[PDB]
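Below: the structure, in structure tokens.
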There are 2 protein chains.
Amino acid sequence: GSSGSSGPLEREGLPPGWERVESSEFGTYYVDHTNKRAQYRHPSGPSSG
Amino acid sequence: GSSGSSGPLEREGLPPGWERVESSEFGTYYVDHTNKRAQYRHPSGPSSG
């Protein structure tokens, strides 16, 4: 329930299909199997609809 | 020393900046930090000059 700036993370787990990668050189990133891309923010989809 | 088609892998390590991601839902894949893309093949290109 954002007040104008939703969080970049929610502490919760990723959606089914998203993977989190963790290392010492880069820190932590996320990969999208649906689009074969990498990002640094948490993913966002309509879990209920 | 290819004599037909380049192999799937040479068992060697990855270049500085690339990463390997291991899973079970997907098995194993690789990610590029230069283009933020994901692929299932081992990377390639030059290494000296």
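Residue numbering restarts at 1 for every chain of the structure tokens, chains are lettered A, B, ... in their displayed order, and ligands are numbered from 1 as they appear.
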Residues of chain A no more than 6 Å from chain B, counting only C-alpha atoms: send them over as a compact mmCIF listing (two decimals) with C-alpha atoms, in the first residue's frame.
# COMPACT_ATOMS: atom_id res chain seq x y z
CA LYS A 36 16.21 -13.44 -20.52
CA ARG A 37 17.25 -10.18 -18.81
CA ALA A 38 18.97 -9.13 -15.59
- Message: Show me, as a PyMOL selection string, the residues that have an atom within 9 Å of range 9-13 of chain A when counting only C-alpha atoms, minus same-chain residues fewer than 6 positions from it.
- Response: chain A and resi 41-43
- Hey, can you check how far CA of residue 28 in chain B sits from CA of residue 47 in chain A? 26.1 Å
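Picture a line from CA of residue 14 in chain B to CA of residue 44 in chain B; it runs 9.4 Å.
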- Query: Rounded to one decimal in Å, what is the spacing between CA of residue 15 in chain B and CA of residue 45 in chain B?
  - Reply: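 Distance between the two atoms: 9.7 Å.
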- Tell me, which residues of chain B carry DSSP strand (DSSP E), written as a PyMOL selection string? chain B and resi 18-22+28-32+37-39
Would you mind exporting the chosen residues as a PDB file, in the first residue's frame, restricted to N, CA and C atoms?
ATOM      1  N   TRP B  18      31.450 -11.938 -16.283  1.00  0.00           N
ATOM      2  CA  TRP B  18      30.369 -12.874 -16.568  1.00  0.00           C
ATOM      3  C   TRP B  18      30.050 -13.634 -15.287  1.00  0.00           C
ATOM      4  N   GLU B  19      28.893 -14.295 -15.240  1.00  0.00           N
ATOM      5  CA  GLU B  19      28.489 -15.067 -14.075  1.00  0.00           C
ATOM      6  C   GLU B  19      27.713 -16.316 -14.495  1.00  0.00           C
ATOM      7  N   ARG B  20      27.772 -17.356 -13.661  1.00  0.00           N
ATOM      8  CA  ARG B  20      27.100 -18.635 -13.829  1.00  0.00           C
ATOM      9  C   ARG B  20      26.055 -18.734 -12.736  1.00  0.00           C
ATOM     10  N   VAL B  21      24.847 -19.140 -13.084  1.00  0.00           N
ATOM     11  CA  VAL B  21      23.769 -19.303 -12.127  1.00  0.00           C
ATOM     12  C   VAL B  21      23.373 -20.775 -12.154  1.00  0.00           C
ATOM     13  N   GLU B  22      23.315 -21.424 -10.996  1.00  0.00           N
ATOM     14  CA  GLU B  22      22.955 -22.828 -10.844  1.00  0.00           C
ATOM     15  C   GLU B  22      21.583 -22.877 -10.172  1.00  0.00           C
ATOM     16  N   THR B  28      21.123 -24.879 -15.154  1.00  0.00           N
ATOM     17  CA  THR B  28      22.284 -23.994 -15.089  1.00  0.00           C
ATOM     18  C   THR B  28      22.250 -23.028 -16.273  1.00  0.00           C
ATOM     19  N   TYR B  29      22.544 -21.748 -16.052  1.00  0.00           N
ATOM     20  CA  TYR B  29      22.586 -20.758 -17.124  1.00  0.00           C
ATOM     21  C   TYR B  29      23.672 -19.726 -16.816  1.00  0.00           C
ATOM     22  N   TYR B  30      23.867 -18.748 -17.700  1.00  0.00           N
ATOM     23  CA  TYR B  30      24.880 -17.718 -17.545  1.00  0.00           C
ATOM     24  C   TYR B  30      24.257 -16.356 -17.792  1.00  0.00           C
ATOM     25  N   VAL B  31      24.857 -15.329 -17.200  1.00  0.00           N
ATOM     26  CA  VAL B  31      24.400 -13.953 -17.327  1.00  0.00           C
ATOM     27  C   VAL B  31      25.593 -13.032 -17.589  1.00  0.00           C
ATOM     28  N   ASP B  32      25.354 -12.044 -18.445  1.00  0.00           N
ATOM     29  CA  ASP B  32      26.265 -11.006 -18.908  1.00  0.00           C
ATOM     30  C   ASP B  32      25.963  -9.693 -18.201  1.00  0.00           C
ATOM     31  N   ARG B  37      21.880  -9.566 -20.084  1.00  0.00           N
ATOM     32  CA  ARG B  37      21.127 -10.608 -20.782  1.00  0.00           C
ATOM     33  C   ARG B  37      21.513 -11.955 -20.202  1.00  0.00           C
ATOM     34  N   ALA B  38      20.643 -12.941 -20.387  1.00  0.00           N
ATOM     35  CA  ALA B  38      20.833 -14.304 -19.924  1.00  0.00           C
ATOM     36  C   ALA B  38      20.895 -15.231 -21.148  1.00  0.00           C
ATOM     37  N   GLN B  39      21.671 -16.319 -21.085  1.00  0.00           N
ATOM     38  CA  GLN B  39      21.814 -17.325 -22.145  1.00  0.00           C
ATOM     39  C   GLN B  39      22.182 -18.673 -21.501  1.00  0.00           C
TER      40      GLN B  39
END
